[PDB]
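Enquirer: Just need the structure, nothing else, for what follows:
(one chain, ligands or ions: 1)
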Amino acid sequence: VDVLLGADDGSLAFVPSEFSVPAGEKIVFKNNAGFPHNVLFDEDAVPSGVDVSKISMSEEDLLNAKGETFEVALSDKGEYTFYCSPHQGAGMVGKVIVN
Ligand SMILES: [Cu+]
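Expert: Numbering: from 1, shown residues only. Shown next is the structure:
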């Protein structure tokens, strides 16, 4: 499933910013507008047993061009919060439910 980084109107949002996926389904974050963006998962808001380092970009890695992707597949069921490191303070955060 595809999640856009930035809305077409320049909003600092994941599109969609909440969704559910079955365990192990590929999630493709696709750079859209309003760069730079990246994608990390919050170590304080993922299921027990999840290592966010395996499913997160480096803070230093920034997506600066339209169409770049970051793909992950989440095996453990439960709720995950992801965020954009440059824009976390601007509310660029989302939630995926793995079921
Ligand atoms: Cu962002």
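
Enquirer: What parts of the chain come near the ion?
Expert: Selection of the chain residues close to the ion by CB under 5 Å from the ion yields 37, 84, 87, 92. Just so you know, the C-beta spots here come from the backbone N, C-alpha and C atoms, and that holds for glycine as well.

Enquirer: Quick check: the last one touching residue 7?
Expert: Going back to what we said before, that points to residue 92. No - using CB atoms under 8 Å, residue 92 makes no contact with residue 7, being 10.2 Å away.

Enquirer: higher neighbour count, the two?
Expert: Just comparing residue 92 and residue 7: by other CB atoms under 10 Å the higher neighbour count belongs to residue 92, 22 against 15.

Enquirer: what's that one in contact with, if anything?
Expert: 12-14, 37, 83-84, 86 (CB atoms under 8 Å, 6 or more residues apart in numbering).

Enquirer: in the chain, which spans are strands?
Expert: Ranges of strands in the chain, per DSSP state E, are 2-5, 14-15, 18-21, 26-31, 40-41, 69-73, 78-83, 93-98.

Enquirer: Okay, now stretch 18-30: how far is its last residue from its first?
Expert: One end of stretch 18-30 sits 15 Å from the other (CA to CA, to the nearest Å).

Enquirer: Figure out how far it is from the centre of its chain.
Expert: Distance of stretch 18-30 from its chain centroid, counting by CA atoms, centre = their mean, to the nearest Å, is 9 Å.

Enquirer: Would you quantify the distance from residue 78 to the ion?
Expert: Taking CB to the ion, to the nearest Å as the measure, residue 78 falls 24 Å from the ion.
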